[PDB]
Amino acid sequence: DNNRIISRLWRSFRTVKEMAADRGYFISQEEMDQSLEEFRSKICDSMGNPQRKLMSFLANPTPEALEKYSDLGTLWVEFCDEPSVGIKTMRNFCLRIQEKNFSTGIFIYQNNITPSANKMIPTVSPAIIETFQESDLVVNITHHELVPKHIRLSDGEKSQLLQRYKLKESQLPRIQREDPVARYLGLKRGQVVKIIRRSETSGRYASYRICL
DNA sequence: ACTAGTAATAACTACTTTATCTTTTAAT
């Protein structure tokens, strides 16, 4: 069971690294191709107990992502040591985010999170905090065959689409904020994503969805 | 001293709602 837990944790860590890379943050090539043996050597102790605090890391946007998107800052990924998430731990994490001027931060829990923790999540302005479940991060959803590629559009691209189609913001097809693809991409309200899809009538098709 | 008008005598599926629960938090 310990080996299964370690393998699942390594898969979740790889999925988080891939998600950070897809968002435009720079991840080193050696870290992306980290093997299971290296992860167990540098994280697990002699008794095999995982070190959740050691997995927390920091990432910065690439210059290409910097010029493409002007709203990207520093990224901090933290893994909760304990299974449950009390209000005190969330307050401590929010204080750390405020004191370490992080633009965005990803918090990952094991079992569940208290509703009081979700009560105060809009009180972290200007920073943005996202909550993820580790068990939900075992398998990368974006690698599924049924899930096409989503690319977040810039403000200029969204504007150009709007004058090209003579549209309003509410007339576009809509994508929910709780959509797992939207949560993977960290979508915010009013942001449009372009989707390239296979089609049996024309080969390639392009769709656009605006976040709710 | 009699008569006739005359008026009153359904299951299937879904949503919504309620009370129950209880876990949560700060208070004993």
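What the first sequence shows, in this note's numbering, is residues 114 to 325, in sequence order. From the three backbone atoms N, C-alpha and C, an ideal C-beta is built for every residue, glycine too.
Checklist line | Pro196 versus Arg317: straight-line alpha-carbon distance, rounded | finding: Taking the first sequence and counting its residues from 1, the one referred to as residue 196 is at position 83. Taking the first sequence and counting its residues from 1, the one referred to as residue 317 is at position 204. Spanning the two alpha carbons is a distance of roughly 45 Å.
Checklist line | Rounded distance between the beta-carbons of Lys130 and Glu143, thought under 8 Å | finding: What you label residue 143 is simply residue 30 of the first sequence in a count that begins at 1. What you label residue 130 is simply residue 17 of the first sequence in a count that begins at 1. So it is not a contact: roughly 11 Å between Cβ atoms.
Next item on the list: Within the same chain, show all residues whose beta-carbon is closer than 8 Å to that of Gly186, passing over the 5 residues directly before and after it, in chain order.
Entry: Counting from one through the first sequence, the residue named residue 186 turns up at place 73. So the qualifying residues of the chain are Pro174, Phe215, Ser216 and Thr217.
Next item on the list: Would you kindly work out how many angstroms separate the C-alpha atoms of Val294 and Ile323, rounded to a whole number?
Entry: Within the first sequence, the letter at position 181 stands for residue 294. Within the first sequence, the letter at position 210 stands for residue 323. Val294 and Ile323: Cα-Cα distance of roughly 13 Å.
Notebook entry, point to check: Where do the N-terminal and C-terminal ends of the beta strand (DSSP E) with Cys207 fall, by residue?
Noted result: Counting from one through the first sequence, the residue named residue 207 turns up at place 94. Note, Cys207: premise wrong, no beta strand (DSSP E); alpha helix (DSSP H) at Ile200 to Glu212.
Next item on the list: Please determine, among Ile241, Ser272 and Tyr297, the residue with the shortest C-alpha to C-alpha distance to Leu285.
Entry: For the purposes of this step, residue 285 is identified with residue 172 of the first sequence, where counting begins at 1. The option with the nearest alpha carbon to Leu285 is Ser272.
Check: Based on the DSSP secondary-structure assignment, which residues constitute the bridge partners of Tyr138?
Finding: Numbered from 1 along the first sequence, position 25 holds the residue referred to as residue 138. DSSP, once it has assigned bridges, lists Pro174 as partnering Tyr138.
Checklist line | Identified DSSP bridge partners for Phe220 | finding: Here residue 220 refers to the residue found at position 107 when the first sequence is read from its first residue. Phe220 pairs with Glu191 and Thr244.
Checklist line | The alpha helix (DSSP H) enclosing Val294, as first and last residue numbers | finding: Within the first sequence, numbered from 1, the residue matching residue 294 stands at position 181. First-last of the alpha helix (DSSP H) with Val294: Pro293 to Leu298.
Note to self: Just list the residues that DSSP pairs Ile288 with in beta bridges.
What the structure shows: What you label residue 288 is simply residue 175 of the first sequence in a count that begins at 1. Answer is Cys324.
Margin query: Closer than 8 Å is the cut-off here; do at least three beta carbon pairs connect the segment 262 to 271 with the segment 299 to 313?
Written below: yes
Next item on the list: Report yes if the CB atom of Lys301 is closer than 9 Å to the CB atom of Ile242, and no otherwise.
Entry: Here residue 301 refers to the residue found at position 188 when the first sequence is read from its first residue. Here residue 242 refers to the residue found at position 129 when the first sequence is read from its first residue. No, Cβ-Cβ distance for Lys301 and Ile242 is not below 9 Å.
Next item on the list: Have a look at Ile156 and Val198 and give me their C-alpha separation to the nearest angstrom.
Entry: For this step, residue 156 is matched to residue 43 along the first sequence. For this step, residue 198 is matched to residue 85 along the first sequence. The alpha-carbon atoms of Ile156 and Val198 are separated by roughly 22 Å.
Note to self: With distance defined between alpha-carbon atoms, name the residue in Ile254, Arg209, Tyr138 and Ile234 nearest to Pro176.
What the structure shows: For the purposes of this step, residue 176 is identified with residue 63 of the first sequence, where counting begins at 1. Looking at the Cα atoms, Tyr138 is the closest of the given residues.
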